[PDB]
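Going by PDB author numbering, the sequence shown opens with residue 1, and the numbers climb by one from there.
To start, the structure itself, in structure tokens.
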Amino acid sequence: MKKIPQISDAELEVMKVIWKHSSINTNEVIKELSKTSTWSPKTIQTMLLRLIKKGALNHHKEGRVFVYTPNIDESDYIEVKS
């Protein structure tokens, strides 16, 4: 459910990348993150899942890939007990 993003630097990298885009789709996201930091796709899926679960990133299912719309922007990485 919506929670303030309890973000680790590793997740912050994906936030940072994503915030440069209007949104981004899964393929492009995995590719971009893999290129910038060679983590297993599972890692990316986990990060995405976290951000989705926490209501940090909302997404839209574009048939096969899911497009990520940042729910947070103003609250640029503020870990408060919430």
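Idealized CB from N, CA, C, for every residue including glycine.
- Between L12 and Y77, the beta carbon gap of about 6 Å places them in contact (Cβ cut-off 8 Å).
- Per DSSP, the unbroken beta strand (DSSP E) holding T69 starts and ends at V65 to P70.
- For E62, the secondary structure class from DSSP, reduced to helix, strand or coil, is strand.
- For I72, the CB contacts under 7 Å within the same chain, skipping 5 residues up- and downstream, are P5 and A56 in chain order.
- Excluding the 5 residues flanking it on each side, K20 has no same chain C-beta neighbour closer than 7 Å.
- Nearest in C-alpha terms to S23, of all of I7, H60 and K3, is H60.
- Residue environment for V80: exposed (fewer than 16 other C-beta atoms within 10 angstroms of its C-beta).
- Pairing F66 with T26 gives a Cβ-Cβ distance under 8 Å.
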